[PDB]
Structures are given as C-alpha cells and as structure tokens.
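Enquirer:
There are 2 protein chains.
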Amino acid sequence: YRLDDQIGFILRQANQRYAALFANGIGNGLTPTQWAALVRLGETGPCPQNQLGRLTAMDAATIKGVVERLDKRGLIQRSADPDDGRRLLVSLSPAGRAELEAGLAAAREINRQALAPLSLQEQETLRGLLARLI
Amino acid sequence: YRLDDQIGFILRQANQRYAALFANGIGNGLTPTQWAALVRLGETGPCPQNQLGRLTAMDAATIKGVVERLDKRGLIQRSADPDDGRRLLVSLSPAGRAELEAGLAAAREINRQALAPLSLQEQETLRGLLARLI
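Protein sequence lines, in the order shown, are assigned to chains A and B. Take 7 as the starting number for the first sequence in the UniProt record's numbering and just add one per residue. Take 7 as the starting number for the second sequence in the UniProt record's numbering and just add one per residue.
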C-alpha cells in the first residue's frame, strides 16, 4: 500500500494540474465549473437551475452559487417556467453568450495542454477509459 | 465544443465519484486528503509539515488544515527538528499508526471499486496514462 498507486491521489493531482492550466489559460476570470455551467446553458437554452446542476455534475447548493456568481457578472437571465409558474428557468444573457464565444479558443487550448503529455491515440484511449470511471 | 468531451469535466466527475466511494467506504470518518497525509507520515516518519504537503500535493495552508484536524483526533505528534530548533516535525501517534492499520483494508477496497468498471489490464493502461497527467 503506497499512496502514489492509489487512483484517488492520482485523480486529485490530475484535477489540480487541470485547475492550474485553466486558471492560467481561460482569460475571463471564470472557474472551471462556472465555465461548464455557461457552456451547458449555451447547449440547452432555458433550463431549470437544478436540472442545469444535474447535467454538469453539480449539487443544488453548488449550482445555486455558480449561477449566482455568473449572475453578478451579468452572464445569465432568469425567467418563469411557462409550464410551471412557481418555477424559474435560467438562460444565457447576450453578454453571457458573447463570453462563451470569446472563451472558446482558450477553453480549447486549456484542454489541449491538459492532454499534451499524450499522443492523439493515447488521448482517445484515456478519454474512453476515464469516461467509464465518471 | 461539447462539454462532455472536455477532460476537465471528465476529471471532476471521476474525482466526485471517488469522493463518494471513499466517504462510503473508509469507515473511520476521514477525508481522502486526511488519509493521504496519514499514509504518507507512515512512510516518512518525522517530517516537516510543508514537506509533508509537497509529498501529497497540498500547499502550506491545505497541509496545515489537515494536520490540525488529524491532531484533534489524536493521530499525530509534533516534535522539534533536531537539525533546526526553529522547526517542527510531524509524526504519527500510536493512535494514528493504529488508525492507519485499521484503515488499510477499506482504502484498498475503495481503490478497487473506483477501478472496478475496468479490466485488470485496462487499469494498468489507465494508471500509466493518468500518471503522465499528474
């Protein structure tokens, strides 16, 4: 039992390295999860907050605060669920849409650097193996 | 640009799953990093707190944090660095050494469950591929 063979320690370190490349590379001052929620709201259009959470592996409490921090920046809009007036839908602002487009190149670059230690073949193997551990 | 393809999203989810298996499986109420620090002090013996951090990918404030919580549970002992009396060394308690032993089985089991979706050869491939993304 050595620590450096434990897959949890390894996962954390890969996670920490990614966090470092992302903070260095993204250019818009957003966190990884802030970006994930922004990206996802661009895919979905108007979406319940907790559902947005469940599509980005985020808690109600976690997504709550990501969306609020995204709000403080003017990047989201809220509006009544048309099928349930007790309910809110979260959507990308025009500025939040422009932020997404302005961030694509850098997010692509952060992702390419994360995988850089690996050949394009190896990247595919890793993504497949790691997808099964999600 | 689909989110589910981004290695950052994938890493976070693999990490959250590991966290869930670990909380379910450890049996002694320690976090992954608390456990990592504990395991590492078993390997190193008396060791400076900041060096302990640099051996477990934890910065000064982070390593400070888990050592204090480890101390609250009676699992560590502090003593003066014999080559530098300004300095402290951190070491396992008898109780902390017992905790490590009592925890080995479950940490092994958490680790095997984490990797369970993969064949024993696929694990080796993944461990190798991931090592290089650390």
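We treat Cβ as the ideally placed atom computed from N, Cα and C, and that holds for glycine.
1) Per DSSP, what kind of secondary structure is residue 59 of chain A in: helix, strand or coil?
2) On the three-state DSSP scale, how would you describe residue 84 of chain A?
3) Using the three-state DSSP reduction, which class does residue 92 of chain A fall into: helix, strand or coil?
4) Beta carbons nearer than 7 Å to chain C: which residues of the segment 120-132 of chain A have them?
5) When we look at the beta-carbon of residue 7 of chain B and count the other beta-carbons within 10 Å, is it buried (16 or more) or exposed?
6) Just checking my contact of residue 34 of chain A with residue 108 of chain A at CB under 8 Å: how many whole Å lie between their CB atoms?
7) Contact criterion: CB-CB distance below 8 Å. Does residue 117 of chain B meet it with respect to chain A?
8) Which runs of the beta strand (DSSP E) spanning at least 3 residues fall entirely within the UniProt domain "HTH marR-type" (10-140) of chain B, listed in chain order?
9) Between B:117, B:93, B:97, which lies nearest to residue 49 of chain B when the distance is taken from Cα to Cα?
10) Evaluate residue 134 of chain A with the Cβ neighbour count: other Cβ atoms within 10 Å of its Cβ, from every protein chain shown; 16 or more gives buried, anything less gives exposed.
11) Going by beta carbon distance, what residues of the same chain come within less than 6 Å of residue 102 of chain A, once the five residues before and after it are set aside?
12) In angstroms, rounded to a whole number, what distance separates the CA positions of residue 124 of chain A and residue 132 of chain A?
13) Could you tell me the distance, in whole angstroms, from the CA atom of residue 47 of chain A to the CA atom of residue 85 of chain A?
14) At a cut of 8 Å, does the segment 60-71 of chain A reach the segment 38-45 of chain A through at least three beta carbon pairs?
15) Closer than 8 Å between beta carbons: that is the criterion. Which residues of the segment 34-68 of chain A meet it against chain B?
16) Which bits of chain A does residue 76 of chain B rub up against, with CB to CB less than 8 Å?
17) Buried or exposed, going by whether 16 or more other CB atoms sit within 10 Å of the CB of residue 94 of chain B?
18) Report buried or exposed for residue 14 of chain A, applying the criterion of at least 16 other Cβ atoms within 10 angstroms of its Cβ.
19) Please state whether the Cβ-Cβ distance between residue 21 of chain A and residue 17 of chain B is less than 8 Å.
20) Give a yes or no on whether the minimum CB-CB distance between residue 30 of chain B and chain A is below 8 Å.
21) From residue 25 of chain B to residue 10 of chain A, what does the alpha carbon distance come to, in whole angstroms?
22) Taking the Cβ atom as the reference point for each residue, do residue 19 of chain B and residue 116 of chain A lie within a distance shorter than 8 Å?
Expert: Looking at the coordinates:
1) helix
2) strand
3) strand
4) In summary, chain C is missing from the structure at hand, where the protein chains are A and B.
5) exposed
6) 7 Å
7) yes
8) 82-87, 90-98
9) B:97
10) exposed
11) 81, 82
12) 9 Å
13) 14 Å
14) yes
15) 38, 39, 42, 45, 46, 49, 62, 63
16) Those within 8 Å of residue 76 of chain B in chain A number zero; the least Cβ separation is about 15 Å.
17) exposed
18) buried
19) yes
20) no
21) 17 Å
22) no
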